[PDB]
Amino acid sequence: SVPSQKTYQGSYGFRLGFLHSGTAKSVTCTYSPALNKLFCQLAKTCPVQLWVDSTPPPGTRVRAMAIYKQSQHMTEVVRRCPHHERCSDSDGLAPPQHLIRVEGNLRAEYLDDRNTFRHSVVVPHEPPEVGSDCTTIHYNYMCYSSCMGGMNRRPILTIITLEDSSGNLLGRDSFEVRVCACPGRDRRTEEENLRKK
Ligand SMILES: [Zn+2]
């Protein structure tokens, strides 16, 4: 009833990486290592790097799923709010209820789990291109953390799982996400709150 969030590099040394985008007021996506928390604007590109020590087999996939971070909300499916699920902003592939989309990957598949009702988006894992040391998935988050009737100010985590062709676990990593109007200011504020604490 609750997806695991335990970090697990597995046999391939799987882990995420994030760009260093800074905290200017204009920044649209920024990652705080101190908080393990991505701050992003609504529906903007969030680059998430996938790092491995060795190449996983053909047919490996990479799944993203959101859960509520607070234990008392963890059994509730994270979904878009009653406004955004009805705003007809379909990309033609993502169901309108799904918070997390993958940008620019026609092989993305969106799952409504028939048992847990949780949403996820999964893409094939690809080896890095020539001259690159990792691959990158571009995610979009389609509601604000503050959306009433949806996340409703509750923090979420994104869990990224590396899976084999059957969906079995090969690796797992995760990060908190805040979807907000001013990620740069919010990252600065939360890092300051962490330093003061
Ligand atoms: Zn919303």
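What's counted below: heavy atoms across the whole structure, side chains too, no hydrogens, waters or symmetry copies. For this chain, numbers begin at 1 and follow the sequence in order. Every number for a ligand or one of its atoms is a count from 1 in the order of the listing.
Residues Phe14 and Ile160 have side chains in contact (heavy-atom distance under 4.5 Å, counting atoms from C-beta outward). Between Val121 and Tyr139 the shortest side-chain heavy-atom distance falls below 4.5 Å.
Listed by chain and number, the residues in a side-chain hydrogen bond (donor to acceptor under 3.5 Å, both in side chains) with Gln49 are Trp51 (sequence neighbours excluded). Residues passing the side chain to side chain contact (heavy atoms under 4.5 Å, CB included) test with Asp164, sequence neighbours excluded: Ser166, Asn168, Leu170. Residues satisfying the salt bridge (charged side-chain N to carboxylate O under 4.0 Å, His left out) criterion with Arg172, sequence neighbours excluded, are absent altogether.
Figure legend: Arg154 and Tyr68 shown as a cation-pi pair, the cationic atom lying under 6.0 angstrom from the six-membered ring centre and within 45 degrees of its axis.
Of all protein N, O or S atoms, those under 2.8 Å from the Zn ion (ligand 1) number 4.
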